[PDB]
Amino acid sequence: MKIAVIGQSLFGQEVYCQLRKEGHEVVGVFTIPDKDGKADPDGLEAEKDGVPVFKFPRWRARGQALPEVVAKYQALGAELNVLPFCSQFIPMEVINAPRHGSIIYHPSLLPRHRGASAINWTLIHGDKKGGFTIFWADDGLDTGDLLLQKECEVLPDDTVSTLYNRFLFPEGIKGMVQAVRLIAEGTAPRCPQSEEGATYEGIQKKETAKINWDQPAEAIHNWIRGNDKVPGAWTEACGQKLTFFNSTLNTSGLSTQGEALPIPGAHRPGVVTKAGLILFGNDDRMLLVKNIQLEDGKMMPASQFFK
């Protein structure tokens, strides 16, 4: 098949590579402009292979597609668009252009967690089950007909990073590859999303990652791990934003010795122990944060906050 790849990241790069190794013709790659003199890895790769690469700063002016970009895209003769991860809205003149349309990767079980921080919200809400979806793009936001889906059990201490690294990245790549395989054979499913169980949530940035201490320890644990690594759950204390990593609720047999650490808002201060930083919910149950990062960027085991 003739394929246009529109992304972004390392994920996008691996997807691109796997489609190539599968015998598909990557007819063009549409990626982001160089920032800070750094090249996006997907763009770099295709450039090395001699595939047409485009680095459009924008796709539209005044709500409609740029005649330039539509012309350059149109000339490739793509029969499928593959969108592994490109955070912005490609114009519908591009989306619908190919005979097989466009397919998008999404790291949640649609229609749950529509939006851009779907992994985060999986974890913040304590979902027992997580997953990823490949879907046919339509003019809505993560609303298009499902193609394939794949689930995984969420582990109690899973973070955004672990869940991503151990399932959502590797299996999502295989999922996107299979989806293309199915489209090539004519066996690709189409399953419209129902409004049952359908949610949307906004992006998690550092700004929206502040800990609410008025919550059971579990929810606080889920909030930290659901922001764990990016963007990093935090609270103001000791004159600064304190960011927490590597939370657990398994405090069984752990000592509550050592130096107290005051936290405006928290039910109980919380102690820096030799196993990390004990923290308390509004139900006075404990969690353990193993790693802190200080506002000035210093990373540490929570055990040595007072060094």
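Numbers follow the displayed sequence, beginning with 1.
Colleague: Please compare 130 to 138 with 205 to 213 and say which has the higher mean C-alpha temperature factor in the record.
Modeller: Higher mean C-alpha B-factor: 205 to 213.
Colleague: Comparing average C-alpha B factors as deposited, tell me which of 36 to 44 and 264 to 272 sits higher.
Modeller: Higher mean C-alpha B-factor: 264 to 272.
Colleague: Report the option among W121, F169, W234, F85 whose CA atom has the maximum B-factor in the deposited record.
Modeller: Within the set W121, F169, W234, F85, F85 shows the top C-alpha B-factor.
Colleague: Ranked by Cα temperature factor within the chain, is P98 in the lowest third, the middle third or the highest third?
Modeller: For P98, the deposited C-alpha B-factor lands in the middle third.
Colleague: For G297, return the chain-relative third of its C-alpha B-factor as stated in the PDB record: lowest, middle or highest.
Modeller: Top third by C-alpha B-factor.
Colleague: Taking the chain's C-alpha temperature factors as the reference, tell me which third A219 falls into: lowest, middle or highest.
Modeller: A219: CA B-factor falls in the middle third of its chain.
Colleague: According to the PDB entry, is the CA B factor of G77 in the bottom, middle or top third of its chain, that is, lowest, middle or highest?
Modeller: Middle third.
Colleague: Could you place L242 in the lowest, middle or highest third of its chain by Cα temperature factor, using the values in the record?
Modeller: It belongs to the middle third of the chain when residues are ordered by C-alpha B-factor.
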